Amino acid sequence: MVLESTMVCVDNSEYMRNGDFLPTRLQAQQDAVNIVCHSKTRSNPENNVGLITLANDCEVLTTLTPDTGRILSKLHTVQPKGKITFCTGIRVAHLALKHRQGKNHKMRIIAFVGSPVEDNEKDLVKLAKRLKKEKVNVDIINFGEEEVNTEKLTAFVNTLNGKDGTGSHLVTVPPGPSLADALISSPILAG
Amino acid sequence: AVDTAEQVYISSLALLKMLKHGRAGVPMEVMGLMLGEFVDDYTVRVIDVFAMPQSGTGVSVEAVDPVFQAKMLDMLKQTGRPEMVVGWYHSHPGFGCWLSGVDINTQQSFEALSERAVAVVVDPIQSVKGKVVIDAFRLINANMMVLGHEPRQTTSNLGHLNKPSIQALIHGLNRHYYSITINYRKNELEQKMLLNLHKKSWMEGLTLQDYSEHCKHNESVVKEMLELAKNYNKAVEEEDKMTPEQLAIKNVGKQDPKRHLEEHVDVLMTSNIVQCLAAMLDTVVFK
Amino acid sequence: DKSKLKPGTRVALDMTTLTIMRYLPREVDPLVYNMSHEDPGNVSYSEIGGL
Amino acid sequence: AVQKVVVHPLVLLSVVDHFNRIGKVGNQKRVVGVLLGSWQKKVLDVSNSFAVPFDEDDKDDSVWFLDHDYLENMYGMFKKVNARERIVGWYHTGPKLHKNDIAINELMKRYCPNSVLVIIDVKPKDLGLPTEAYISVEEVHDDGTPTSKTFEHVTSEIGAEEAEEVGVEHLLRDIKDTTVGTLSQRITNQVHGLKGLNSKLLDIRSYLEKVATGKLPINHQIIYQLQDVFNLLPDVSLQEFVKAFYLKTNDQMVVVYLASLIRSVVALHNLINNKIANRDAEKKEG
Ligand SMILES: [Zn+2]
């Protein structure tokens, strides 16, 4: 079918730890990842979904595999404790997608941020023009709590779909602990 | 047609993979694949070899498990570089090299896809230094045997250089398969970095070798060297006698002085000259 | 287990290459196996008398 | 804890072939792979290897990748073809000890406890043995950091095996200065061994480059050994070390005087066995 490789970047930072969302923040984002990796598998059997983090230690928790049983086994007692480090989060997200079996796939990443970021906006726009010369489209979806009216992420997606990119979006977080299934119902319906 | 100058270029890495897999599981006939880079009508090049696991107890070539190779063919494909299977091998343990009737059938299943898959036999037992026992083969059609026609249409004086063994000539050579002359692809990227790394003595000759016992060993030889010279004070005395060609047959029971007596002199020299010199370089260098 | 092939043991060989495949226990020579336990006779000391 | 390592020439060649198949990238790539083998009787053995896909961007050089699915199934195959063979650690191509090799080791210590690395050579030129290995040790100790960890080199050599010495000595065919007599030792350790001590003397000169000008950490634990080398420097020539030296020269050369005296009479006897075949042959044959 259409050639992509869906790569989710899960959020094991230390601000996603409370119990304001109804089951858990961890389980509600997990089953959201489950129904969208069921969305990317059943529309195209070639796509595999592994998970990466953007914490202090950007670990390959589960390897990029079409199995999800390792994903389901590690996300139980996953210990989401760590200072968020998004300035290395692009480089772990981009260089992973060059380690793939096919470079003819559409480079697509989703990114979950539920913690206050301490990046430089000048450093990301150097990474944004780095991604301009690398032709990468990433739809970042905001979870949890953050600086409201998300700071430095509007200017990054704007400098992501620049130079005739014009296809990316920025799904921001509503600061109310509602059920997050309908929150992500917009990327599963259209891009 | 073929010009009997087929000249199989192989490798430097595969031969070590061939002998290690052929020696560790020796008395059962083991096998594997040949993952090389195919070239023109004349030659063929096999650079990589991966080994295939067995099936059960018993000397056989049993069958290939295409579950294993299909996952293996795309294993290193995603990591290194693409290659293509150009042949296969097995290992006669202590025989030599031929195609048995069991060996020929699994060959004939492999020549169906490509007409140039090479059957390779290695023998990791009759090999010592300058012998690596080899001579890969390939089938000939038995259809041409009924015609009485001699194949392979010799256009160069390059094929009939090696002479086949008579034990392989008992088998299907030359009625079902043929030999192929091979050489080896060596290069300085590998040649120097295995020569200068194998036997390098570190600081051994800058020692004194057990200084009370070296002069003790300098009598452990000399004492029986006296009586071995008494034999040399004996065997020369029964000459001008029965025609010393007779002194060649007759001296196979008991020991002779003359060879044994020039033996220890080499031992009592290199043990002394090396140890006396190394003592006198330590005095200068160490203060 | 090359340490276990004591001089005296009974082993199995290969036919073709003639190498050792497997150590074996002792043999029990079926004349003696058919000498050991082929009697189901069930007579007792009650049947003997007089001695 | 580990005595020494034993490296076979298979795995030595099983890196350089991989360095050639990635040598087409041109710009920069280090060969990092998985090292397979055992260790028995406290001696580290190295038998087999392969290489894992790996990339590295120069800006923010703390982002590495090991495709562990490629690490799982290929070791799953190699355990299946050889249950005796197992993991022993890892390796990298090691020109100059790149920076990721402090936590590559900590990434994959969940397979081997003493996950040893191996530094190899791709451009062979030295007067020694260009195969390096370290070990992982950590310390809550003296001065540097609350979390401190630095590699320590364990001794390294190329071990042999009976099956591979057939193939190793077959692939050379170039030069092999065998026939160990009175002059094998003269060159393997008397020409070369004195120049062996050259680069060991010259190595502490390279540390000595910091007298007032070099790098900022100064000594603390480097000079207790260097204070001892000049202290344990050997005994001077005043004692009977003079006299007991001439004692053994007057003992070792006696055996040389006897043995050389023997060699003359032996070859003199061999002259007589050649005059028995000259004068007693010309009258008979002609
Ligand atoms: Zn065979």
# chains A, B, ... in the order shown; residues from 1 in each chain; ligands from 1
call {"tool": "interface_residues", "arguments": {"of": "chain C", "to": "chain B", "cutoff": "12 Å", "atoms": "only C-alpha atoms", "output": "list in words"}}
result
residues 13, 14, 15, 16, 17, 18, 19, 20, 21 and 22 of chain C
call {"tool": "interface_residues", "arguments": {"of": "chain B", "to": "chain D", "cutoff": "7 Å", "atoms": "only C-alpha atoms", "output": "PyMOL selection string"}}
result
chain B and resi 13+16+20+52-53+79-81+127-130+191+193+195+197-198+201+203-206+215+265+268-270+272+274+286-287
call {"tool": "interface_residues", "arguments": {"of": "chain A", "to": "chain B", "cutoff": "12 Å", "atoms": "only C-alpha atoms", "output": "list in words"}}
result
residues 98, 99, 100, 101, 102 and 103 of chain A
call {"tool": "write_last_selection", "arguments": {"atoms": "N, CA and C atoms", "output": "PDB file, in the first residue's frame"}}
result
ATOM      1  N   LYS A  98      16.320   6.653  10.024  1.00  0.00           N
ATOM      2  CA  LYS A  98      17.315   6.300   9.023  1.00  0.00           C
ATOM      3  C   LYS A  98      17.909   4.918   9.254  1.00  0.00           C
ATOM      4  N   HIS A  99      17.697   4.332  10.432  1.00  0.00           N
ATOM      5  CA  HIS A  99      18.062   2.947  10.708  1.00  0.00           C
ATOM      6  C   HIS A  99      17.032   1.949  10.213  1.00  0.00           C
ATOM      7  N   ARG A 100      16.051   2.392   9.440  1.00  0.00           N
ATOM      8  CA  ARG A 100      14.958   1.533   9.025  1.00  0.00           C
ATOM      9  C   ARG A 100      15.343   0.729   7.791  1.00  0.00           C
ATOM     10  N   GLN A 101      14.530  -0.286   7.498  1.00  0.00           N
ATOM     11  CA  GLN A 101      14.777  -1.136   6.339  1.00  0.00           C
ATOM     12  C   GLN A 101      14.433  -0.448   5.027  1.00  0.00           C
ATOM     13  N   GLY A 102      13.575   0.568   5.054  1.00  0.00           N
ATOM     14  CA  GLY A 102      13.213   1.274   3.845  1.00  0.00           C
ATOM     15  C   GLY A 102      13.240   2.778   4.014  1.00  0.00           C
ATOM     16  N   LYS A 103      14.067   3.452   3.221  1.00  0.00           N
ATOM     17  CA  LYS A 103      14.074   4.907   3.203  1.00  0.00           C
ATOM     18  C   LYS A 103      13.043   5.481   2.243  1.00  0.00           C
TER      19      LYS A 103
END
call {"tool": "closest_residue", "arguments": {"among": "D:232, D:32, D:2, D:71", "to": "residue A:63", "atoms": "only C-alpha atoms"}}
result
D:71
call {"tool": "residues_near_ligand", "arguments": {"ligand": "ligand 1", "cutoff": "7 Å", "atoms": "only C-alpha atoms and all ligand atoms", "output": "ChimeraX atom specification"}}
result
/B:29,90-92,98-100,103
call {"tool": "write_last_selection", "arguments": {"atoms": "N, CA and C atoms", "output": "JSON list (two decimals), in the first residue's frame"}}
result
[["chain", "number", "residue", "atom", "x", "y", "z"],
["B", 29, "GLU", "N", 28.29, -35.56, 8.82],
["B", 29, "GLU", "CA", 28.50, -34.75, 7.63],
["B", 29, "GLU", "C", 27.70, -33.47, 7.75],
["B", 90, "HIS", "N", 29.22, -29.34, 1.61],
["B", 90, "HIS", "CA", 29.19, -30.24, 2.74],
["B", 90, "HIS", "C", 30.63, -30.61, 3.07],
["B", 91, "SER", "N", 30.81, -31.61, 3.93],
["B", 91, "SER", "CA", 32.14, -31.93, 4.41],
["B", 91, "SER", "C", 32.30, -33.43, 4.57],
["B", 92, "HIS", "N", 33.14, -34.03, 3.75],
["B", 92, "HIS", "CA", 33.49, -35.40, 4.08],
["B", 92, "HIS", "C", 34.49, -35.41, 5.23],
["B", 98, "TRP", "N", 34.53, -36.34, -2.97],
["B", 98, "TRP", "CA", 33.75, -36.81, -4.10],
["B", 98, "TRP", "C", 32.29, -36.48, -3.85],
["B", 99, "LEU", "N", 31.47, -36.71, -4.87],
["B", 99, "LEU", "CA", 30.02, -36.63, -4.76],
["B", 99, "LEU", "C", 29.48, -38.04, -4.57],
["B", 100, "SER", "N", 28.90, -38.30, -3.41],
["B", 100, "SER", "CA", 28.23, -39.57, -3.21],
["B", 100, "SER", "C", 26.85, -39.52, -3.86],
["B", 103, "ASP", "N", 24.88, -37.20, -1.95],
["B", 103, "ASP", "CA", 25.34, -35.84, -2.19],
["B", 103, "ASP", "C", 24.85, -35.32, -3.53]]
call {"tool": "closest_residue", "arguments": {"among": "B:242, B:208, B:44, B:73", "to": "residue B:277", "atoms": "only C-alpha atoms"}}
result
B:208
call {"tool": "select_by_dssp", "arguments": {"residues": "stretch 136-214 of chain B", "states": "strand (DSSP E)", "output": "ChimeraX atom specification"}}
result
/B:137-139,177-179,182-183
call {"tool": "closest_residue", "arguments": {"among": "D:225, D:7, D:76, D:117", "to": "residue B:71", "atoms": "only C-alpha atoms"}}
result
D:76
call {"tool": "residues_around", "arguments": {"residues": "residue B:261", "least_positions_apart": "2", "cutoff": "12 Å", "atoms": "only C-alpha atoms", "output": "PyMOL selection string"}}
result
(chain B and resi 221-222+224-233+255-259+263-268) or (chain D and resi 259+262-263+265-267)
call {"tool": "write_last_selection", "arguments": {"atoms": "N, CA, C and O atoms", "output": "mmCIF file, in the first residue's frame"}}
result
data_model
loop_
_atom_site.group_PDB
_atom_site.id
_atom_site.type_symbol
_atom_site.label_atom_id
_atom_site.label_comp_id
_atom_site.auth_asym_id
_atom_site.auth_seq_id
_atom_site.Cartn_x
_atom_site.Cartn_y
_atom_site.Cartn_z
ATOM 1 N N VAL B 221 72.679 -32.450 30.657
ATOM 2 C CA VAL B 221 72.950 -32.979 29.332
ATOM 3 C C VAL B 221 74.351 -33.568 29.241
ATOM 4 O O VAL B 221 74.533 -34.648 28.678
ATOM 5 N N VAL B 222 75.336 -32.877 29.821
ATOM 6 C CA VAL B 222 76.751 -33.184 29.610
ATOM 7 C C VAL B 222 77.128 -34.532 30.210
ATOM 8 O O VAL B 222 77.992 -35.241 29.672
ATOM 9 N N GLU B 224 75.360 -37.503 30.534
ATOM 10 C CA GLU B 224 75.132 -38.607 29.614
ATOM 11 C C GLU B 224 75.767 -38.364 28.259
ATOM 12 O O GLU B 224 75.896 -39.307 27.472
ATOM 13 N N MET B 225 76.167 -37.128 27.975
ATOM 14 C CA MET B 225 76.909 -36.840 26.760
ATOM 15 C C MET B 225 78.316 -37.427 26.817
ATOM 16 O O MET B 225 78.910 -37.686 25.766
ATOM 17 N N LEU B 226 78.839 -37.664 28.023
ATOM 18 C CA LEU B 226 80.082 -38.413 28.182
ATOM 19 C C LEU B 226 79.939 -39.828 27.648
ATOM 20 O O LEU B 226 80.724 -40.265 26.799
ATOM 21 N N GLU B 227 78.952 -40.564 28.152
ATOM 22 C CA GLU B 227 78.771 -41.949 27.742
ATOM 23 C C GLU B 227 78.282 -42.046 26.306
ATOM 24 O O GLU B 227 78.575 -43.028 25.613
ATOM 25 N N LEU B 228 77.570 -41.028 25.821
ATOM 26 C CA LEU B 228 77.194 -41.041 24.417
ATOM 27 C C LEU B 228 78.416 -40.790 23.540
ATOM 28 O O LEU B 228 78.456 -41.237 22.390
ATOM 29 N N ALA B 229 79.449 -40.151 24.083
ATOM 30 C CA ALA B 229 80.726 -40.103 23.391
ATOM 31 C C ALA B 229 81.532 -41.380 23.571
ATOM 32 O O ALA B 229 82.438 -41.638 22.775
ATOM 33 N N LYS B 230 81.233 -42.177 24.597
ATOM 34 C CA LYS B 230 81.860 -43.490 24.708
ATOM 35 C C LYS B 230 81.341 -44.435 23.637
ATOM 36 O O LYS B 230 82.081 -45.298 23.151
ATOM 37 N N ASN B 231 80.073 -44.289 23.259
ATOM 38 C CA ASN B 231 79.573 -44.973 22.076
ATOM 39 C C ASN B 231 80.277 -44.461 20.829
ATOM 40 O O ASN B 231 80.547 -45.222 19.893
ATOM 41 N N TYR B 232 80.582 -43.169 20.794
ATOM 42 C CA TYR B 232 81.381 -42.614 19.716
ATOM 43 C C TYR B 232 82.848 -42.981 19.863
ATOM 44 O O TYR B 232 83.603 -42.885 18.892
ATOM 45 N N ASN B 233 83.246 -43.429 21.049
ATOM 46 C CA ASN B 233 84.518 -44.097 21.276
ATOM 47 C C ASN B 233 84.390 -45.604 21.057
ATOM 48 O O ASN B 233 85.266 -46.367 21.474
ATOM 49 N N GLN B 255 70.802 -47.635 19.500
ATOM 50 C CA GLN B 255 71.004 -46.199 19.152
ATOM 51 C C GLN B 255 72.424 -45.972 18.699
ATOM 52 O O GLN B 255 73.369 -46.656 19.081
ATOM 53 N N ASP B 256 72.589 -44.938 17.798
ATOM 54 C CA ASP B 256 73.925 -44.622 17.333
ATOM 55 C C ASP B 256 74.452 -43.382 18.035
ATOM 56 O O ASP B 256 73.678 -42.525 18.467
ATOM 57 N N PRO B 257 75.750 -43.272 18.212
ATOM 58 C CA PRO B 257 76.298 -42.025 18.742
ATOM 59 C C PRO B 257 76.204 -40.864 17.767
ATOM 60 O O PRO B 257 75.635 -39.835 18.128
ATOM 61 N N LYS B 258 76.669 -41.076 16.525
ATOM 62 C CA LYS B 258 77.100 -40.002 15.624
ATOM 63 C C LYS B 258 75.997 -38.987 15.347
ATOM 64 O O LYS B 258 76.242 -37.775 15.358
ATOM 65 N N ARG B 259 74.773 -39.458 15.131
ATOM 66 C CA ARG B 259 73.663 -38.531 14.966
ATOM 67 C C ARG B 259 73.216 -37.963 16.305
ATOM 68 O O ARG B 259 72.905 -36.773 16.406
ATOM 69 N N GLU B 263 73.548 -33.928 18.111
ATOM 70 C CA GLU B 263 72.242 -33.420 18.493
ATOM 71 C C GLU B 263 72.356 -32.472 19.677
ATOM 72 O O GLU B 263 71.895 -31.330 19.609
ATOM 73 N N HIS B 264 72.971 -32.931 20.769
ATOM 74 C CA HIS B 264 73.022 -32.143 21.993
ATOM 75 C C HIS B 264 73.933 -30.936 21.884
ATOM 76 O O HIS B 264 73.773 -29.988 22.659
ATOM 77 N N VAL B 265 74.880 -30.958 20.947
ATOM 78 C CA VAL B 265 75.777 -29.825 20.758
ATOM 79 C C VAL B 265 75.001 -28.614 20.260
ATOM 80 O O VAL B 265 75.271 -27.478 20.668
ATOM 81 N N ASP B 266 73.993 -28.839 19.418
ATOM 82 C CA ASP B 266 73.074 -27.764 19.058
ATOM 83 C C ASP B 266 72.261 -27.325 20.270
ATOM 84 O O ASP B 266 71.982 -26.132 20.444
ATOM 85 N N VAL B 267 71.888 -28.272 21.128
ATOM 86 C CA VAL B 267 71.104 -27.934 22.309
ATOM 87 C C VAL B 267 71.970 -27.225 23.341
ATOM 88 O O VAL B 267 71.569 -26.203 23.907
ATOM 89 N N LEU B 268 73.186 -27.717 23.567
ATOM 90 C CA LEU B 268 74.097 -27.091 24.519
ATOM 91 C C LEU B 268 74.762 -25.829 23.992
ATOM 92 O O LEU B 268 75.648 -25.293 24.663
ATOM 93 N N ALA D 259 81.538 -28.001 24.044
ATOM 94 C CA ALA D 259 80.643 -28.351 22.947
ATOM 95 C C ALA D 259 81.226 -27.968 21.593
ATOM 96 O O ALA D 259 81.062 -28.706 20.615
ATOM 97 N N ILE D 262 83.800 -30.484 20.571
ATOM 98 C CA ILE D 262 83.193 -31.701 20.057
ATOM 99 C C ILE D 262 82.853 -31.559 18.582
ATOM 100 O O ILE D 262 83.065 -32.488 17.792
ATOM 101 N N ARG D 263 82.362 -30.381 18.187
ATOM 102 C CA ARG D 263 81.864 -30.151 16.833
ATOM 103 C C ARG D 263 82.964 -30.277 15.785
ATOM 104 O O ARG D 263 82.690 -30.662 14.642
ATOM 105 N N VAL D 265 85.594 -32.487 15.905
ATOM 106 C CA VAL D 265 85.955 -33.885 15.689
ATOM 107 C C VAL D 265 84.849 -34.609 14.939
ATOM 108 O O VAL D 265 85.115 -35.539 14.166
ATOM 109 N N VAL D 266 83.603 -34.177 15.129
ATOM 110 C CA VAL D 266 82.478 -34.767 14.414
ATOM 111 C C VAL D 266 82.588 -34.492 12.921
ATOM 112 O O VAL D 266 82.489 -35.407 12.095
ATOM 113 N N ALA D 267 82.826 -33.235 12.553
ATOM 114 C CA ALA D 267 82.989 -32.904 11.147
ATOM 115 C C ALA D 267 84.311 -33.405 10.589
ATOM 116 O O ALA D 267 84.420 -33.605 9.375
#
call {"tool": "select_by_dssp", "arguments": {"residues": "stretch 48-158 of chain A", "states": "helix (DSSP H, G or I)", "output": "JSON, numbers by chain"}}
result
{"A": [69, 70, 71, 72, 73, 74, 89, 90, 91, 92, 93, 94, 95, 96, 97, 98, 121, 122, 123, 124, 125, 126, 127, 128, 129, 130, 131, 132, 154, 155, 156, 157, 158]}
call {"tool": "closest_residue", "arguments": {"among": "A:49, A:84, A:190, A:58", "to": "residue A:119", "atoms": "only C-alpha atoms"}}
result
A:84
call {"tool": "atom_distance", "arguments": {"atom1": "atom CA of residue B:126", "atom2": "atom CA of residue B:96"}}
result
7.6 Å
call {"tool": "interface_residues", "arguments": {"of": "chain D", "to": "chain A", "cutoff": "12 Å", "atoms": "only C-alpha atoms", "output": "VMD selection string"}}
result
chain D and resid 52 to 73 103 to 104 106 to 108
call {"tool": "write_last_selection", "arguments": {"atoms": "C-alpha atoms", "output": "compact mmCIF listing (two decimals), in the first residue's frame"}}
result
# COMPACT_ATOMS: atom_id res chain seq x y z
CA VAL D 52 24.92 -4.57 14.06
CA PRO D 53 23.51 -1.56 12.10
CA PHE D 54 24.71 1.70 13.61
CA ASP D 55 24.79 5.38 12.67
CA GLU D 56 26.04 8.55 14.35
CA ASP D 57 25.38 12.23 13.66
CA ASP D 58 28.18 14.59 14.65
CA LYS D 59 26.03 17.23 16.36
CA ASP D 60 24.81 15.93 19.76
CA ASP D 61 26.87 12.74 19.62
CA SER D 62 24.99 10.96 22.43
CA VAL D 63 22.36 9.37 20.18
CA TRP D 64 23.32 5.83 19.25
CA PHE D 65 21.27 2.94 17.95
CA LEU D 66 21.48 -0.82 18.31
CA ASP D 67 18.72 -2.61 16.41
CA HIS D 68 18.10 -5.20 19.10
CA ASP D 69 15.78 -7.27 16.90
CA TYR D 70 18.84 -7.81 14.72
CA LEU D 71 20.68 -8.64 17.95
CA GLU D 72 18.04 -11.13 19.12
CA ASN D 73 17.29 -13.35 16.15
CA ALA D 103 27.34 3.62 27.55
CA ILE D 104 27.22 1.23 24.62
CA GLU D 106 26.01 -0.17 29.81
CA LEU D 107 23.30 -0.51 27.17
CA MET D 108 24.04 -4.20 26.58
call {"tool": "residues_around", "arguments": {"residues": "residue B:101", "least_positions_apart": "3", "cutoff": "12 Å", "atoms": "only C-alpha atoms", "output": "number ranges by chain"}}
result
B: 60-61, 98, 104-108, 139, 171-172, 176-177
call {"tool": "write_last_selection", "arguments": {"atoms": "N, CA and C atoms", "output": "PDB file, in the first residue's frame"}}
result
ATOM      1  N   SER B  60      24.279 -37.447   7.340  1.00  0.00           N
ATOM      2  CA  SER B  60      23.399 -37.188   6.210  1.00  0.00           C
ATOM      3  C   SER B  60      23.593 -35.743   5.775  1.00  0.00           C
ATOM      4  N   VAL B  61      22.899 -35.371   4.707  1.00  0.00           N
ATOM      5  CA  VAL B  61      22.940 -34.017   4.172  1.00  0.00           C
ATOM      6  C   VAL B  61      21.525 -33.465   4.192  1.00  0.00           C
ATOM      7  N   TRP B  98      34.533 -36.337  -2.969  1.00  0.00           N
ATOM      8  CA  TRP B  98      33.749 -36.807  -4.103  1.00  0.00           C
ATOM      9  C   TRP B  98      32.286 -36.480  -3.852  1.00  0.00           C
ATOM     10  N   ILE B 104      24.716 -36.190  -4.522  1.00  0.00           N
ATOM     11  CA  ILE B 104      24.387 -35.728  -5.862  1.00  0.00           C
ATOM     12  C   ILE B 104      22.921 -35.318  -5.978  1.00  0.00           C
ATOM     13  N   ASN B 105      22.049 -35.854  -5.126  1.00  0.00           N
ATOM     14  CA  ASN B 105      20.626 -35.585  -5.270  1.00  0.00           C
ATOM     15  C   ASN B 105      20.267 -34.207  -4.742  1.00  0.00           C
ATOM     16  N   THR B 106      20.838 -33.820  -3.604  1.00  0.00           N
ATOM     17  CA  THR B 106      20.637 -32.471  -3.096  1.00  0.00           C
ATOM     18  C   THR B 106      21.377 -31.424  -3.914  1.00  0.00           C
ATOM     19  N   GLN B 107      22.368 -31.834  -4.702  1.00  0.00           N
ATOM     20  CA  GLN B 107      22.954 -30.948  -5.693  1.00  0.00           C
ATOM     21  C   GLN B 107      21.980 -30.715  -6.835  1.00  0.00           C
ATOM     22  N   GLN B 108      21.322 -31.785  -7.287  1.00  0.00           N
ATOM     23  CA  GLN B 108      20.458 -31.725  -8.455  1.00  0.00           C
ATOM     24  C   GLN B 108      19.195 -30.923  -8.183  1.00  0.00           C
ATOM     25  N   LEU B 139      27.980 -31.098 -11.392  1.00  0.00           N
ATOM     26  CA  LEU B 139      27.391 -32.200 -12.147  1.00  0.00           C
ATOM     27  C   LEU B 139      27.589 -32.051 -13.654  1.00  0.00           C
ATOM     28  N   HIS B 171      34.691 -43.016  -7.725  1.00  0.00           N
ATOM     29  CA  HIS B 171      33.352 -42.450  -7.679  1.00  0.00           C
ATOM     30  C   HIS B 171      33.003 -41.775  -9.000  1.00  0.00           C
ATOM     31  N   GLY B 172      31.955 -40.950  -9.008  1.00  0.00           N
ATOM     32  CA  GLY B 172      31.328 -40.459 -10.231  1.00  0.00           C
ATOM     33  C   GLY B 172      32.193 -39.580 -11.122  1.00  0.00           C
ATOM     34  N   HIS B 176      29.934 -38.305 -13.912  1.00  0.00           N
ATOM     35  CA  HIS B 176      28.786 -37.516 -13.498  1.00  0.00           C
ATOM     36  C   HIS B 176      29.132 -36.096 -13.098  1.00  0.00           C
ATOM     37  N   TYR B 177      30.391 -35.791 -12.816  1.00  0.00           N
ATOM     38  CA  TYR B 177      30.762 -34.441 -12.441  1.00  0.00           C
ATOM     39  C   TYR B 177      32.201 -34.197 -12.862  1.00  0.00           C
TER      40      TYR B 177
END
call {"tool": "closest_residue", "arguments": {"among": "A:29, A:186, A:44, A:154", "to": "residue A:12", "atoms": "only C-alpha atoms"}}
result
A:29
call {"tool": "atom_distance", "arguments": {"atom1": "atom CA of residue B:118", "atom2": "atom CA of residue B:133"}}
result
16.1 Å
call {"tool": "residues_around", "arguments": {"residues": "residue A:109", "least_positions_apart": "2", "cutoff": "7 Å", "atoms": "only C-alpha atoms", "output": "number ranges by chain"}}
result
A: 6-8, 107, 111, 138-139
call {"tool": "decode", "arguments": {"residues": "stretch 18-51 of chain C", "atoms": "C-alpha atoms", "output": "compact mmCIF listing (two decimals), in the first residue's frame"}}
result
# COMPACT_ATOMS: atom_id res chain seq x y z
CA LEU C 18 35.59 -44.78 12.28
CA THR C 19 35.36 -42.41 15.24
CA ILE C 20 33.84 -42.76 18.69
CA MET C 21 30.21 -41.67 18.92
CA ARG C 22 28.99 -42.88 22.28
CA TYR C 23 30.07 -44.65 25.45
CA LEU C 24 28.03 -47.69 26.46
CA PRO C 25 27.44 -49.70 29.64
CA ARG C 26 28.37 -53.35 29.97
CA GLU C 27 26.72 -56.16 28.03
CA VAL C 28 24.63 -58.90 29.61
CA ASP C 29 25.03 -61.81 27.08
CA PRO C 30 21.47 -63.08 26.44
CA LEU C 31 22.23 -66.68 27.35
CA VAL C 32 22.51 -65.35 30.90
CA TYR C 33 19.51 -63.04 30.54
CA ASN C 34 17.56 -66.15 29.53
CA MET C 35 19.17 -67.84 32.52
CA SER C 36 18.23 -65.29 35.16
CA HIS C 37 14.50 -64.88 35.52
CA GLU C 38 12.60 -67.30 33.31
CA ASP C 39 11.29 -69.47 36.16
CA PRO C 40 7.78 -68.66 37.37
CA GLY C 41 7.90 -71.75 39.58
CA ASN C 42 6.15 -71.24 42.91
CA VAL C 43 6.99 -74.21 45.07
CA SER C 44 7.71 -73.70 48.76
CA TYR C 45 9.15 -75.33 51.88
CA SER C 46 5.73 -76.76 52.69
CA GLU C 47 5.93 -79.10 49.71
CA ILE C 48 9.31 -80.59 50.62
CA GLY C 49 9.19 -82.99 53.54
CA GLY C 50 11.43 -85.40 55.38
CA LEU C 51 14.77 -83.58 55.37
